[PDB]
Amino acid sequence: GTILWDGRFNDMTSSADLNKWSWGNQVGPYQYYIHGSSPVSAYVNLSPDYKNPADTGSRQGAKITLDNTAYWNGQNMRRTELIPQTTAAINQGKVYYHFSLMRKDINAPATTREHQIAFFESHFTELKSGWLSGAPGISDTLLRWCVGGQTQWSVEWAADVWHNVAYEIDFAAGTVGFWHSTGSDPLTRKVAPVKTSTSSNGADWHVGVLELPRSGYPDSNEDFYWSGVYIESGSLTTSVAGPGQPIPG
């Protein structure tokens, strides 16, 4: 395999480095602009305590937060998102998009509201959580993998569990497959490639979270933990510790 882009934050000392990126000076691994009126430390913080402990390939993980000010461009949905800053061909051919995600019981995401996570701008694929449609119910506590808006896989989203994911995207065939594991276990393919319109970017993968409003549910702080975010081509690294690291097991 070969890493096309590395979003593991390994060259950053803290999230303050995100402030180096600007439209006039697009440096670093991430474009940082889809966020609210507060400083970056209100929305993104890095720490070794915020990553999947089995991922020795990531020095620090990132706590991404939605708070009362997490509104971008006058929209009514809360968002805190980072987009890959790269010249690599991450949207052509077969490409694997990696990331690990975890929530805790403190500042847990609201199960009463829909969340769109690690999504592309056209939403051809993404993860979702929370109450989506219909009556509220047992499905609201699920973490789901969607293709074209349709759920293709889901699991109960438990606190403190690290979910490791890789989207297997064939931009030429217009298909997306789903690889997943929890904790230290190696990724396995849980859903074979599904067809959909994969029309892609300039730069359009949103590493972060978007939360829709829902009548009667006030904003409360919500924290999402991320680590091991990167994009590779040719050969999928199934080890959660990433390429060039000893396999955890």
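Residue numbers run from 1 along the displayed sequence.
Engineer: Hey, which bit's got the bigger mean C-alpha B factor in the entry, 140-148 or 69-77?
Structural biologist: Here the higher of the two C-alpha B-factor means belongs to 69-77.
Engineer: Which is higher in the entry, the mean Cα B factor of 193-201 or that of 209-217?
Structural biologist: Result: 193-201.
Engineer: Going by the CA temperature factor in the entry, name the top one among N10, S227, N19, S14.
Structural biologist: Reading the PDB entry, the winner on C-alpha B-factor is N19.
Engineer: If I read the C-alpha B-factors straight from the PDB entry, which of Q26, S41, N52, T182 is highest?
Structural biologist: Each of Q26, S41, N52, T182 was compared by C-alpha B-factor; the highest is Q26.
Engineer: Going by the entry, which third of its chain does the Cα temperature factor of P84 land in?
Structural biologist: CA B-factor rank for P84: lowest third.
Engineer: Can you tell me which third, lowest, middle or highest, the CA B-factor of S37 falls into for its chain?
Structural biologist: Middle third - that is where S37 ends up once the chain's C-alpha B-factors are sorted.
Engineer: Could you look up the Cα B-factor of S122 in the entry and say which third of the chain it sits in: lowest, middle or highest?
Structural biologist: Its C-alpha B-factor belongs to the middle third of this chain's values.
Engineer: Per the entry's values, where does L101 land by CA temperature factor relative to the rest of its chain, in the lowest, middle or highest third?
Structural biologist: Bottom third by C-alpha B-factor.
Engineer: C-alpha B factor of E168, ranked within the chain: lowest, middle or highest third?
Structural biologist: Bottom third by C-alpha B-factor.
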